[PDB]
């Protein structure tokens, strides 16, 4: 069992692709418990052209989305192990979002850390909760539940 999971590994599990794959690396994975990953925030991202001009602030909902993706990594894997074939048939459905609070704006230069831990699961359904952090300080908090749907 490996510790870190790089972009190539991520591409092999999550179905998300540019410009919606918002997780760059996985520094810690504990099946069925807690995942710690991150996405680098640079100014060279199309999203900054509109949010907002002359004041780049990484969208709050995209922080949520990032945590949701970090969680999804937990789901797919825990549910099948690091297996790209069994993962290529799925996608991830967002079911609920709760108790999310944004505390510090994220901007170019910040290492957006996703700290999530499972809270409950079953089948393709999983509920995860946690925070997003920059340089150790909390930037956001959230709870969300998702399903690993079928491409069909």
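Positions refer to the first chain, counted from 1.
- Of the two segments examined, 139 to 147 and 10 to 18, it is 139 to 147 that shows the higher average Cα temperature factor in the deposited entry.
- In this entry, 119 to 127 shows the higher mean Cα temperature factor of the pair 119 to 127 and 38 to 46.
- In this structure the maximum Cα B-factor among 93, 100, 67, 112 is found at 93.
- The entry assigns its greatest Cα B factor, within the set 105, 53, 108, 84, to 84.
- For residue 31, the recorded CA B-factor ranks within the highest third of the chain. Only modelled residues enter the ranking.
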